[PDB]
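Same chain, two versions here, written out as structure tokens and called structure 1 and structure 2.
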Structure 1
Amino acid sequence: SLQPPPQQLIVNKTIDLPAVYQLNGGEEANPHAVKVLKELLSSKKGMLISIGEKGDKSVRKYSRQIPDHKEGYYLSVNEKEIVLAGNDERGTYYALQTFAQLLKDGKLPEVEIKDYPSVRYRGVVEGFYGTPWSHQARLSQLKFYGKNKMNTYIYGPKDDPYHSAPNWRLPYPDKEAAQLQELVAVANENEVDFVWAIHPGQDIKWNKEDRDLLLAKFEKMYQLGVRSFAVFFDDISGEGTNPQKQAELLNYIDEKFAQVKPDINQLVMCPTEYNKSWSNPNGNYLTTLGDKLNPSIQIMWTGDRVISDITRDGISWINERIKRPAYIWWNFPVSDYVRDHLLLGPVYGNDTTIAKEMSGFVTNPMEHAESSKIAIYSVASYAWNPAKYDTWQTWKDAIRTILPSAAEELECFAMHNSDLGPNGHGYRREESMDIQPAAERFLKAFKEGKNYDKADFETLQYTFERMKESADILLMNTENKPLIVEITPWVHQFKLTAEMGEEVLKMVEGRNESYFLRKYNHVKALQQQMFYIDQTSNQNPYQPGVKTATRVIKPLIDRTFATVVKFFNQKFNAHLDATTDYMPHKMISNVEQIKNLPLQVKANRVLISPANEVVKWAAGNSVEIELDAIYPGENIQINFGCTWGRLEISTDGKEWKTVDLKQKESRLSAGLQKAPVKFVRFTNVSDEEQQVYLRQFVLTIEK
């Protein structure tokens, strides 16, 4: 209804937008708010509309109703008068943003509102690894922040070469500089502080030469319009991690630059130890920063872990040490460590009562800018009014705002694209919770030979139908073309999941052998299509491919497919393959966890899925990979957790050529030097059983 929800709102009657109005204070009030107001409109005889900041003539009558907080405002609508009065210029702009949401069909509700943020700095840090947001995406983002009362945008793409090492020393070229100039201007028009960050720690020298280069870079950005600045020391090693040096540098920028210019706003640093588990208690890095860094300077913090939600105990832990309220860097929805997943679910987990305990709250988003508006909108609501923060309603409101013409379809898509999957940070999100109980019940019964509930079967049927509807509708949506460009690969994979799910359910209901077999063949072809999408879309270097509906739906479908094929093989004494993911290559083994470990293709690599359990490698047993063709080989790398095995390659499986594995901490490796390869074979040739841990088994070929 109103986002963010105001601190104070008074319920009844309806007032039409005055066809004739008298404007009071258009020449004294925030020009950015006036422009918004004249846009919403279209003389002295008419109804009075008072706009202005506390102190202006236009609103002196309502001085006692205007909240005495920065960015606060007072809004009133009744039959005779409209009041739009901020405590300051940004507060007046934020009054117009709320006013704009109130306007419906030219009709306004009779309301009185007192409002202001609970958290002083609220917004976004473009701080991820990956392709930095496009210029057109950044322009759209700033307008979005202004509409949602987010007042902070911290520019810091890790892979922008003029942000980080070594070319943080170099001024932006004319083209990029002109774009940053535009960004800064658009930010100002939308009441957003543009904070330009620099990331010099990996190669900074603690000498005068690098100090001066950093300040000269800051001066250039200031000439481009930048009035807020940040220095990042995250994700570095070496002398740059020295807290005393970091604090002296930031205090120098403060005293010789930030407090020398007339109009610099935020000065922010992010530390090397930026979460609790990365803090070494055997030293005292954080208390050195807390005590030496000038108190006006902000210190960023991601929580108890690199990826974590903010708790009351956690914020108190850090605050005691840095001697000031932490400026939260919240690592959601950033996906740069799970780049084959979209993270489109609700924003939750952050304590709603600790607004006084944080200096700021910013979200690190996905490199998918439009897709991140779901989380950004929700953080905007949370940060402005946490006590009233409504996780699910705000998620639904965000989707309806981003894609009104297809909000139900985006909800369906987002609901099943929210978990991260397994990852090194251990961070997960709920997903598909609506249908998860019916999936769990259906699969337990089916596996056990008990009757499943008809209602559960139909819930699954319904889900797959709605998934196909939503996929096809989103693909053709033209209301937010940039969004659809971002999600399309996942949309394609999402539809394929839904079609597969339908066909497996028909295998469950199947009543004759011929019909079952058509469905089985259809499922296999769909598996092959998902493999194709996984290999040709989103081919980034770290987590290539496209994964969707991974927490609940894909396991349901795969396990149901496997179970019904097992039942068919039993019933008809048949030997249908029950594999659930297409794999063009083959692998066979006499060792067994390995025999059932699936191969994977990632870029030009062919690898055995690593396991976690003990692999007992018997005396004579082996593992042999057979590729679907002859390829020029690059290397083989193995990791067993070696005077017992023998690595051989071949083009025909008859004539073999032994390859010698080189040993090292990084472990068993061997170059192939473009030799043709189709078969790789690893055979235990010693006499005692050798138990191992397959951490990796990877062949790389030239494509």
Structure 2
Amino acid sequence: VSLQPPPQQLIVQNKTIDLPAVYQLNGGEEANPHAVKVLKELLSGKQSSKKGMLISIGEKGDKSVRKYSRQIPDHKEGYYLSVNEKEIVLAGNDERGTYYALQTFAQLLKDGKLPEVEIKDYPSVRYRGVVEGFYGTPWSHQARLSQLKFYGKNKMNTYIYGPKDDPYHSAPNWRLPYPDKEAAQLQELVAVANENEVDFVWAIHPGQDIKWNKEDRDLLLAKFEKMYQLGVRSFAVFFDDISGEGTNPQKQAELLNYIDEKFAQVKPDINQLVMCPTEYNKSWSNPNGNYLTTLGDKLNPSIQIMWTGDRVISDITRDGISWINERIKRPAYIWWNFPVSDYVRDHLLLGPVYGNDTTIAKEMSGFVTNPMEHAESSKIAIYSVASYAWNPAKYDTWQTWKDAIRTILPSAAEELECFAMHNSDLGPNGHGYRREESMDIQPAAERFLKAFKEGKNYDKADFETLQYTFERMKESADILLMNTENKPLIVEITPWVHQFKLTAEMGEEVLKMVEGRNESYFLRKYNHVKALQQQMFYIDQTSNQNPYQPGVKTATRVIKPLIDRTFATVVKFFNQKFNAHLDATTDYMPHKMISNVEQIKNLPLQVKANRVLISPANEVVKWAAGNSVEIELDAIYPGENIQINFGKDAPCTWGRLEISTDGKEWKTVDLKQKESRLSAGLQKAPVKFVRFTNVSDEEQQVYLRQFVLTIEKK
């Protein structure tokens, strides 16, 4: 909170110094000009004189800091920083070290005053930064310019450019030079990266269609030469998430070594050469171990090999990094898949960075984070990874999280903390990765509520905590929506902020239902909750409409389940007490589904874009002779298709699929095998009802893997 990342060595005195009114600057002409520019901005409108306070800036060896050469740590990007009443020393082991001394100096400066301090500092991990490596909308040019400035402040020296959906990076145009517009933007990003002491690493992802021939080898080197002409001085080749011949480890190694020997080692000034393997995590690695040992043994040793840990999404352990390092014969260059949300695109991941061993710096060549498509939102994790990677031995997860939020939005830090504390879990996903959320209120929640489902009074304080939490959520939502200090951050999170405010309002009303003294008041709160459920549906259908995980989920771990369970319970109790028939459903769904199949009838419908689907069942479905499922839409729509998967990859001989506009006249629609599932085209036929009946004489055992109606788009 004093300093981020925290220095390796810091000795502070209880004496403070004034940023001097008058200063003699020694070394300004010879020290790293990027560092000298930061110094001059910090000394703006102070007197530069041949007899003021001495400020010494330089790299080790420079006349200006010869005197302190014994104090400068002998580590790449290391520096010595000194403030006393006599003078200030800003001494890099190298040019980047001098820049980093200034990034520390800048944080020490509190309202014209400096602490009396001795700092010897350097990074524990050699390469630290970000891989823009996710699926989805690449970062905007303005977002990237903002990222590079943020990296320089937090001593991250690496930006690996590799957005999966950039067609000049991957499938299908990796062979083509960037068009003039994009090329000019990349040239500007490279110049800005250099000015912030960041290595811009341009990656290529050629594996899905690469031929192991001269034509494609030359086009890959020609593309690298064009990027070099734009100023790029670090390069990567990625072979992740591909199939086919491009997965051949001997050919991958031969290509990387060719690039090394004919390009990387021939230019005077290429820094990093990095490759991402096809087997990039332990789980998806073939047990013969031959893929990874082939790379380890054949790839030139200066070449970096990236690794995501024990699974596609995982935290880095001592055992896990030892496992990879033994096979690739060098320290892994970690690709950490957090806070990347490209497989949970309906969630923001704004929680702290944790889970990575703090003792394994010597076992890694580098550590980069793959972030969200929300660039500013990712700064919380990026700031935290910068801190971890520079000084893992002192890494303080929770304080660093707070420091990041206070850095990103000083004007509304407590509101951003409130929002982030309840927007940190991923929810259930195919990669199995979860994070903690709402941990502080969870105990007051669990027993305000296991009690309610059974027992007694529950406690005036597990009610004031939940009421307080909803009140704080609304304050935070409304202040964040109107915040003008980081407009790009507010644009990213706004849809979630809307949903978060509605969650908090629904909670306040549901608690008013629990407090409910008379029937009339209770019905008013009930009707209000039903309206808030509808509003949350409409935000979910109109916000963040991507093809994969459309819509907006928030406060999913603890708060939404507490509110939904408490509403369903208080409604059950009202129905019992007043012999009423109030609907206890917690998610608004305008369409209806009925079944006499035990394992289907309680599955909720979901709307995703122009799809209306039955939530897939985990359990074996027992489908009796004559039993059926029927969907009723809220209106007649033109139909596109129906897709069904029963887990058989075979024709469905026993089932009759029908559509209707009135649920009186039915038209049979023929299911055809398609891509291992069943599909029936509807050819724009009007549909309001969909019905599937077991017309055989026998019970059928299936899984409800998929049951989806697609209707004509708005």
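Under this definition, the rigid core comprises the largest set of C-alpha atoms superposing within 1.5 Å between the forms. Throughout, residue numbering runs from 1 along the sequence of structure 1.
Colleague: With both forms fitted on the core, check whether the Cα of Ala100 differs by 2 Å or more between the two structures.
Modeller: False for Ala100: its C-alpha shift is below 2 Å.
Colleague: So that I can tell if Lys616 moves, could you say whether its C-alpha shifts by at least 2 Å between the two structures after the core superposition?
Modeller: Comparing forms between the two structures, the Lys616 CA shifts at least 2 Å.
Colleague: I want to check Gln22: does it shift between the two structures by 2 Å or more at the Cα, with the core superposed?
Modeller: Shift at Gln22: below 2 Å after core fit.
Colleague: After superposing on the rigid core, how many Å does the CA of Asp660 move between the two structures?
Modeller: So the C-alpha of this residue moves 1.8 Å.
Colleague: After superposing on the rigid core, what is the C-alpha displacement of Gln690 between the two structures, in Å?
Modeller: That residue's C-alpha sits 2.7 Å away in the other form.
Colleague: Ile374: how big is its Cα shift between the two structures, in Å, with the core superposed?
Modeller: Taking the core as reference, the C-alpha of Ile374 is shifted 0.1 Å.
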